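> Residue numbers (the entry's author numbering), protein chains in the order written: chain W, 1 to 126, 130 to 840; chain P, 1 to 126, 130 to 840; chain B, 281 to 420; chain L, 701 to 840.
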Amino acid sequence: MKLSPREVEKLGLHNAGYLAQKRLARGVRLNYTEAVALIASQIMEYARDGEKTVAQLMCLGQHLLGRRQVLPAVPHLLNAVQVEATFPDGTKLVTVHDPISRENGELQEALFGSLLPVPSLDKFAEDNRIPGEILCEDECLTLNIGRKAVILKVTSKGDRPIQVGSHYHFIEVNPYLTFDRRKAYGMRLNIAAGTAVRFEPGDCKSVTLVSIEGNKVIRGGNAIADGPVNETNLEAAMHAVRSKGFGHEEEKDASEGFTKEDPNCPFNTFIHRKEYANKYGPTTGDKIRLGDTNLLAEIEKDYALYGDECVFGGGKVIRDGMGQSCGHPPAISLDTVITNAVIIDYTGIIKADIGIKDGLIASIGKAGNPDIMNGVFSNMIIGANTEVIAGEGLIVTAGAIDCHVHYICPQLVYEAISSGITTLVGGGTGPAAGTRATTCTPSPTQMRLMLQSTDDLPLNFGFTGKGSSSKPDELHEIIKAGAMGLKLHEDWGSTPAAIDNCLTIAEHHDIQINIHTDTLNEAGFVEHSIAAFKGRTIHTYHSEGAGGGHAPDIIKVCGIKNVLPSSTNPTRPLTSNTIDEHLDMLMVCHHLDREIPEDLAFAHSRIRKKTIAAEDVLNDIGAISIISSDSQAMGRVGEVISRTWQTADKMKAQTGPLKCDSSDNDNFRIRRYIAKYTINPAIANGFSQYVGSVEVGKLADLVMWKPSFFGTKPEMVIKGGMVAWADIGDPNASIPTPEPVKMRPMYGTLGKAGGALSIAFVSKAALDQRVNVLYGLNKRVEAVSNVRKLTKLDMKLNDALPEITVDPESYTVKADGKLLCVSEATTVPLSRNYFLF
Amino acid sequence: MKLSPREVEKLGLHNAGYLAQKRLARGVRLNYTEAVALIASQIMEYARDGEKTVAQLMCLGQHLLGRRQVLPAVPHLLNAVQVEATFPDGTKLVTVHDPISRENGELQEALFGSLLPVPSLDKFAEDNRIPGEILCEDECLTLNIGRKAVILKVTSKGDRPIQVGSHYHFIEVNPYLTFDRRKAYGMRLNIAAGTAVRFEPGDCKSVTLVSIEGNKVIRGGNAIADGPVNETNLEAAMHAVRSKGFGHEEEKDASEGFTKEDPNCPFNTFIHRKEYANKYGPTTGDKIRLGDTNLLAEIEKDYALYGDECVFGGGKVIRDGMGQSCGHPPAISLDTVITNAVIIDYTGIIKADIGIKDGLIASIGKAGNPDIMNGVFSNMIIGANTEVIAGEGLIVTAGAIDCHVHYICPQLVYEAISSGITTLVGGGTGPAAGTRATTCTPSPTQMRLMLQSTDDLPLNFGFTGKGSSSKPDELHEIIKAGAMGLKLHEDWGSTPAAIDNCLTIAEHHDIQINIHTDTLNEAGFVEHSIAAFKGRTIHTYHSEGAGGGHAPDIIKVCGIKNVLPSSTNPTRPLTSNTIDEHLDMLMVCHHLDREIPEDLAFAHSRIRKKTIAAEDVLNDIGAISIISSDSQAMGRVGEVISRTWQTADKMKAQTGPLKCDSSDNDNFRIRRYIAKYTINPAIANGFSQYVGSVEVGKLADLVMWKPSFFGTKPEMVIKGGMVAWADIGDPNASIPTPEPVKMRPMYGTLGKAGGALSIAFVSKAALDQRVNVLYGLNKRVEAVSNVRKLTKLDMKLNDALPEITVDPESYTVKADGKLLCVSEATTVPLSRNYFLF
Amino acid sequence: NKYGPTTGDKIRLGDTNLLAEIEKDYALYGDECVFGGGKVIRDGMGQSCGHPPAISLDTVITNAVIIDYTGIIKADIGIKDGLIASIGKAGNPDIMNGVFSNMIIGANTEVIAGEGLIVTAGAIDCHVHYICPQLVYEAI
Amino acid sequence: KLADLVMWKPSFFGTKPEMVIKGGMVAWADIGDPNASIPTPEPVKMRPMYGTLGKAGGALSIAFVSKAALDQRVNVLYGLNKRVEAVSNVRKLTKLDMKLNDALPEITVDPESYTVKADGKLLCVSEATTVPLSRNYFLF
Ligand SMILES: [F-]
Ligand SMILES: [F-]
Ligand SMILES: [F-]
Ligand SMILES: [F-]
Ligand code: NI
Ligand code: NI
Ligand code: NI
Ligand code: NI
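1) What's the C-alpha gap between P/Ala243 and P/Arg163?
2) Quick check on the contact list: which residues have their beta carbon closer than 6 Å to a heavy atom of ligand 5?
3) Note down, in chain order, every chain L residue with its Cβ under 8 Å from the Cβ of B/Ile411.
4) Examine the Cβ distances between the stretch 762 to 777 of chain W and the stretch 111 to 119 of chain W and report whether three or more of them are shorter than 8 Å.
5) Could you please tell me which residues of the stretch 752 to 763 of chain L, in chain order, have their CB closer than 7 Å to any CB of chain B?
6) Comparing C-alpha positions only, which one of W/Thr272, W/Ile738, W/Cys268, W/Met1 sits nearest to P/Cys412?
7) Is B/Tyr417 close to chain L? Criterion is C-beta to C-beta, closer than 9 Å.
8) Which residues in chain L sit within 9 Å of W/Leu839, going by Cβ to Cβ distance?
9) Quick one: is the Cβ of P/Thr442 within less than 8 Å of any heavy atom of ligand 4?
10) Less than 9 Å between the C-beta atoms of W/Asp338 and P/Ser446, yes or no?
11) Can we count P/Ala636 as close to ligand 4, meaning its CB is less than 8 Å from some heavy atom?
12) So, for P/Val232: in the same chain, excluding its five sequence neighbours on each side, which residues have a beta-carbon less than 6 Å away from its beta-carbon?
13) In its own chain, which residues sit with a C-beta less than 7 Å from the C-beta of W/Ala549, not counting the 5 before and 5 after it?
14) Could you tell me which chain W residues have their CB closer than 7 Å to the CB of P/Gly638, listed as they occur along the chain?
15) Grab the span of the alpha helix (DSSP H) containing P/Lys612 for me, first residue to last.
16) Are the CB atoms of W/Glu254 and W/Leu155 nearer to each other than 9 Å?
17) Quick one: which residues of the stretch 485 to 512 of chain P get their C-beta closer than 7 Å to a C-beta of chain W? List them in chain order.
18) So, is the C-beta of B/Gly362 closer than 9 Å to a C-beta in chain P?
19) Can you pull out the residues from the stretch 307 to 331 of chain B whose beta carbon lies closer than 8 Å to at least one beta carbon of chain L?
20) Cβ of P/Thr438 versus every heavy atom of ligand 4: is any distance shorter than 8 Å?
21) Taking only beta carbons into account, state which residues of the stretch 464 to 485 of chain P come closer than 7 Å to chain W, listed in chain order.
22) Where do the N-terminal and C-terminal ends of the alpha helix (DSSP H) with W/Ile731 fall, by residue?
23) Looking at the secondary structure, which residues open and close the beta strand (DSSP E) in which P/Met241 lies?
24) Looking at L/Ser766: is its Cβ nearer than 9 Å to the Cβ of L/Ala786?
25) Could you check if W/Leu796 is buried or exposed, using at least 16 other CB atoms within 10 Å of its CB as the buried criterion?
26) Count the other CB atoms within 10 Å of the CB of B/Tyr349; is the residue buried (16 or more) or exposed (fewer)?
27) Does any residue of chain W have a CB that is nearer than 9 Å to the CB of L/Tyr778?
28) Using three-state DSSP, classify W/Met654 as helix, strand or coil.
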């Protein structure tokens, strides 16, 4: 066959389309992903037949699926389907624009090539949100306020078109434009940033110009007017204008004035909030729906000065001497700017540019060129040597940190980062039974091997040893070898003697302890494990207890001041299938028999609707501080972020806004919940100064999301300032977006680049020995610290300490004497609209 | 399921077969690739049923597809389909020989297992070339001319068969052959190289022997006659013959003589051109059709001496003391010989062996053993320590060099090398918006990361910085950091001040500048960008301008002496879909709106049938010197080579042979066009002494092609003398060729081998600092040089400088006052016959 | 005495009888690069504030008498990345004539004082028997 | 075995060798004035040779470690250029494995007078007043 890579991939695309076709043919209403697969396959298939032109297929592709053949969100999510195929005249790109345009598709075309029977239209079974929609006040913003302004008539004397962008220095324009150049001096177009004015040959247009600001220095263009704006340079400029034959005509009566907040000022340019949000993403007071959830984030503040947005592209702001600075030392250029980001972080929901430098978040604020813009700090300068990542219309969050990882296989790593996880903490050696059961890398030789093994992967890693020992001796060894924590597990013994010894070791090494308690109550009840803590900081894994712990009341630890409690993700949130699914999973994990009374009694003591219901409420009120995966050992590595948001959405639907919430937005609840997979894991494990939030000085581990896929499938995952993984389409295609679009590894995964972007977290004892040198590690190593004086009060926005009781017979859970109930949800968002399977 | 790798792949093969089956079932005539997929799947499926033997399936597989169910080229391209499957008696290999043998296939068998309705035969819709066919004069060649000859009767006294190859020293044969050993001394069989004479027990055959030549030294075999051929060694040999009991009988009247050019000489052996080409590939005067194009390459010269071809295999020439030399110092053995290559290169279309040593092309000429062959130079010796790559019947070219690469994702790299690209020049950091738009690695920290990232990939890389600056300061930094070029782009500002500053920097650093000019004419028209060049060397990207530049006349730069102009590939050549496809692509890239008059006027100023038509003609006459991809930023990384050949084929069909062409072949046009993706990119960017042609002293970056897939899908890509990527079939199979055959990475991609085979091109400033040491790079680094005194006259075979005018209203293009028109093509070769999608 | 000698002056080589005459001098009298307190190579004076950081010399040897088979001359010697970058008149183009852009002394430039000294290429001994390491030290 | 070999003049045997060869390369040797026309003019001193420069020393030698240490590849952990090998076969040794020094006399020692006997016979030797390999060779 001699298949090239693209042929192999297109076969894959075609198989997804055929799955979508079979589903269509029995009357399924296709989700977004199925609809793309089908339309894109059908375009390839029509191309194979050789009878349809590109222009014909642009039309045919909008006839394939009707509103009634797809889910209600599809016409909203789906703007275009692109694919390339071999026509009789070679590879061509087809874009099918707005493909869901009719009520009913031409199902014979939708099914063309499939040989499937065409279903009758009544087979498709009969209100819905717009995922990621932007809500805006009906209002206009005023651009470039507080500047000198002039209106000039500009005539083209050219025989070819001339188009001039918002931030081009107007005196430097093409000599074949004629206008008052003296009055254009130090001025630029008063138009939306990144837009342009077009002059066809011979046209006259009046334009409004406003003065450049900041230090007011002109650079670049034709070097007509190069230099700081002042009288001497104005004269030199006009001399060059005449000398060089640039068109000039005095316009003695050109109106002059200022821009001001005033809807009647003839110098003003205005832009409606709706269009401002389409161009730049939204600004203060606007709201954003997160994915297809019910949660609304309001922008709390915006660093932008309207009119001076850093937008990159042809005609646009980020160009030599315009938005791109010519007046600063080379060493202070940013490495990268992410322009116009909506930042969602536990510190706030804001709108800002993000400066990246040496792999770090260098600055958050207003970026660009101090020579023509106000408000640009000297750590947010965009220079020749700066890359641009376009954040307009996107949300940017910290990368997620999963601190309950079982290192069972390498493939969960890939699964984790393609979902927005950039830091893994846990243990394991691969799929050994010890690892399948517990987050433990037991042997110093395995700690070495795991660190060498993961050294080129672009994520930060922490490995935990086996803390289940009554003696300190071996624990010192695994910690010196590189352990940044220890994980006590009932499967190796979580008895009071092990607990206490392990904690004493933690006190000495300044590492965090993670515990899965004694389910069996063999050595004690939960109050006896709490007594063995002796007041010392400890992290309780899966605190609700389905994933493990004192039956049935381990969840009591959520009221214990020196406990940092996490949830694992598969109980998040309580839904219709949760209990059946979890009971059987437990029986599978434990090799239990439904026909043995004691086995079934064991399982029922462990899988409990009431504690799991309580766990929804505890998360919501901030009494559980972290969500984590338990990857392949009861939980799901790619669902840390989506389970978090599904819990918030559930609690909002059932209990309404939090106390602390406003009633126009869900900001407080959003900040509380994002903290669960960002900052709190980093605090708990002792590395919050490096990662876990969008804050200056930290690693630029950042994730980009479309609001419509927020919480489910990110656009791109940035690791230490470089793209590590991202959605990208057919590698052979003319552009990056034609099908199949898949999450794929990027340059941050090749060679040893991964190590240059990341940190392996180890203990102090290990770094004092320079384990990184001993082990020939290319990844940076840092020691975890400051984890032995933590309490629940240090968990950001999840510092609640209700007194928790659990009836030992009925399992009823109460917090400060009140029932913790929530019914099961029958559906969750961030699922059916997005997943192919 | 416990799927092993082969099971996963066979599922893939089966899915391709089922695609082919659905297509068959609606009446599609299958292309070569679909037909292989279907036949191979059906063989597996019949094997699964367990009722058919291997021998039955060898027969059944020739009944599946008729001539009417496949495209006209399929019976020519398809010689055998092989696959292995699990029969009731375990894995077996089935080869279906010559599968298209009937008019009409047994479509119920073709569809067996599919549950698809069997289409009636009238569903398949009704002159064609043989892709890669060899055209030969009807003539015989004479072997081994100018040698002493003898005819000896040889009788087997053995009870088992004895077969003796063309270049075995005849006195050393099995003792159980009886003949005149005295007259066999220093002689070998006068038969086609690599063939053999078989002696069944008791048989007598007369054979013609000719003397060995070169230094005439016998080595190996039975050590009967070891040593230089002379009287003393003859006597020693006959003594050993008698002593050792090797069969000998004097044949007093054996005819003796010489070989000579003379059709009547009874000592001569002759071979028809057709068979000589089947065994060795073609020789002087023969022609080869390139793929399924209309282009014919004639072999201009051949280094072979007929009869002494280096052919490797059982019985064959390359064996101890025969074609494989025992008389030379170990250090002068070749590392590898590619035997019997048709070389297509801008320097000529020739037939030669290629010697490889230390990763370099060591020699091009006649290889083998100077002890028995004439004409073997001491740099083309095949020794014990030499590997063989078989080039007979194949074409060998330099690896392609794409010098407009946007480093948008790693996957385009794989796409590039699997198509025959071994060198990438461009810029980017991954899928950042800056990179998606422009070939720029802006930051020194990204230059470091990109070099580390690509350090183990087996291709040569050059990275370009952002040259769009009016100040030199930051440009010095990105160049010192490793930039081997700078890419000025209108999206960062391509104004005269940036242009001039960037060029002044180039003058100092001896790096090439690549430019995408000011489309908008914002700062000037094309004549104003040309004035800003001030006569200095510059490379204009996508010179025709659809991919970007002064609207609408950027293509004028093709007449500018100090301009090195390239095309990008998606406008190559003008076909029926080109304009519709490109207009919409531009609207997608620029986020433009069909409903806004200025937007559509912008697009129509940019996407122009007349300039694109002109661009076909300019390429053809050598006024555009390079073709390049623009990978994922308007162009296609895997189509650099095929778009080149489709342009040549188009121009030949429309305008006939070039002036400079003979009328029996297309050599001149072939040499002109291959130069576009080989030597000229290397000259333009300053590294032509390392790569860019099949010439002694350069890196052995070489690609092997079947003539029938020339220009589309290569056999194997050799990187610095080692196979980097190659077609290979089922990894579990008994041989390398059973389905699925896919282009796959080879040993040159594992460990750090990739770096040992390649070069990262950097600036002089960067190498003076030893950036390779600073950055811990394993790949070799060399500095680019000699790019600041280049003009169009240095572009090999593409040195035309017509004066170009462009009507600013109608867009009509003229070269020296003559219209440049060509109509659109409705089809192109190198597409439909080859691609699955 | 201050700068070493200039065109037409002669120098006796060691205690031999051989006299080297300076054949030419790149200096413009008055603008010699001399480093020390009160001296020429100081911020914004002989030491340039107007050029890109990457084009500062690594080191300048100021006022060298060069003896070489190519000629006996008087010049500053610019060093950059371990290479002889330029030979001529060094300093600051913002206050001096004749300073080429490859002989700029910047903040990031070291000074070696050549005034009154002769500068030659290092010698190359091409008949060395590598009998012990100590002859290496003796040689350099 | 490793070519760790020492060269001696018979007249200085046992006192001052000519040259010490380490893994086949001269490591240290008598050599005279490094500037001299030949290798032997005064002062002749024992001096380090090429085997002591750069990392050559490691290419000529072995660091002996335990089996446990080599099983962990301590040489890699510690970035050692010297070869490492594990010692072995030392737990079944007796005096009988000491080459030419395998005597096992029964030894008694009077605890008061300290008289030593081997198989019941007095072990006496008077003190020597002089020794060879001293006064003829040493400067101090
Ligand atoms: F678990
Ligand atoms: F767990
Ligand atoms: F482009
Ligand atoms: F481009
Ligand atoms: Ni657990
Ligand atoms: Ni777990
Ligand atoms: Ni371009
Ligand atoms: Ni491009």
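Cβ coordinates follow ideal geometry from the N, Cα and C atoms, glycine included.
Judging by the given coordinates:
1) 24 Å
2) W/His519, W/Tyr544, W/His545, W/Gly550, W/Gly551
3) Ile731, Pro739
4) no
5) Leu753
6) W/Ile738
7) yes
8) Simply none; closest approach about 46 Å.
9) yes
10) yes
11) yes
12) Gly189, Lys219
13) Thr574, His585, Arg609, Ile610, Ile615
14) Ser737
15) 612 to 624
16) yes
17) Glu493, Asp494, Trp495, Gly496, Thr498, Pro499, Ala500, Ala501
18) yes
19) none
20) no
21) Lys469, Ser471, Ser472, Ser473, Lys474, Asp476, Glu477, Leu478, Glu480, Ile481
22) Counting along the chain, W/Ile731 falls outside any alpha helix (DSSP H), though it belongs to the beta strand (DSSP E) covering 725 to 731.
23) It is not in any beta strand (DSSP E) - P/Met241 instead sits in the alpha helix (DSSP H) that spans 234 to 246.
24) yes
25) exposed
26) exposed
27) yes
28) helix
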